[PDB]
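Residue 930 in UniProt numbering is what sits at position 62 of the sequence shown, and the numbering runs on without skipping anything.
C-beta atoms are modelled at their ideal positions from N, C-alpha and C, and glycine is treated no differently.
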Amino acid sequence: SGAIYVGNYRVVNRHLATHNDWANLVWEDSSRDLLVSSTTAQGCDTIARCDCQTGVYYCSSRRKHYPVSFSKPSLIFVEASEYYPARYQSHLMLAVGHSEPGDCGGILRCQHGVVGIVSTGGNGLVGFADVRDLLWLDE
Ligand SMILES: CO[C@@H](C(=O)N1CCC[C@H](C(N)=O)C1)c1cccnc1
Ligand SMILES: [Zn+2]
């Protein structure tokens, strides 16, 4: 679990969105595994606006933050899970690291701010849904 809190927005994995998220919906995209809902209180996270390929992510199944090198956002084939069939997920970045079911939502960040959140795992790989192109999160 986990979210990004920027401005009056909450960014979560679409597959983990709650009823309150759907009832206060701003934007959602199944192909990216992202959903954004509106919040009453202002958040403290800032979004990175950069081309970094190195950063640090939070892994809840280890209680640890790990430094990683990650690929540029791309269209990647992801295996069937309880939440989606096997399909192509867009705007996804991969790295080598631990990610098991429950780690979705952990933040990946670089020197400029939040880059994205954990969205996929297994086999010693972790995938992150990028948010750096969503410029509207800053206004
Ligand atoms: C977070 O890791 C899970 C994962 O990749 N999922 C399930 C949750 C939905 C993910 C997606 N974005 O399509 C895929 C996972 C699965 C299967 C095995 N190990 C780990
Ligand atoms: Zn950066």
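Can you tell me the Cβ-Cβ gap for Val-894 and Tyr-877, rounded? I've got them flagged as a contact below 8 Å. By one-based count along the sequence shown, residue 894 stands at place 26. By one-based count along the sequence shown, residue 877 stands at place 9. Between the beta-carbon of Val-894 and that of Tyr-877 there is about 6 Å, and that keeps the pair under the 8 Å contact cut.
Hey, is the stretch 966-973 in contact with the stretch 903-912, meaning 3+ C-beta pairs nearer than 8 Å? no
From what residue to what residue does the beta strand (DSSP E) around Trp-890 run? Residue numbering aside, residue 890 sits at position 22 when the sequence shown is read from its first letter. Premise fails: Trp-890 lies in the alpha helix (DSSP H), 887-891, not in any beta strand (DSSP E).
Counting C-beta neighbours from all protein chains within 10 Å, is the total for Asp-1006 16 or more, i.e. buried, or is it exposed? The residue given as residue 1006 occupies position 138 in the sequence shown. By the 10 Å Cβ count, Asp-1006 comes out exposed.
Going by DSSP in three states, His-966 sits in which element: helix, strand or coil? Position 98 of the sequence shown, counted from the first residue, corresponds to residue 966. Here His-966 sits in coil by DSSP.
Is residue 1093 near ligand 1, going by C-beta to nearest heavy atom under 7 Å? One cannot answer for residue 1093 here, as it falls past the ends of the chain, which runs 869 to 1007.
Any non-hydrogen atom of ligand 2 closer than 7 Å to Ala-916 Cβ: Within the sequence shown, numbered from 1, the residue matching residue 916 stands at position 48. For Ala-916, the shortest C-beta to heavy atom distance toward ligand 2 is below 7 Å.
Confirm the yes/no value for this check: CB of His-883, any heavy atom of ligand 1, distance under 7 Å. Within the sequence shown, numbered from 1, the residue matching residue 883 stands at position 15. Yes; taking the cut-off as 7 Å, the Cβ of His-883 has a heavy atom of ligand 1 nearer than that.
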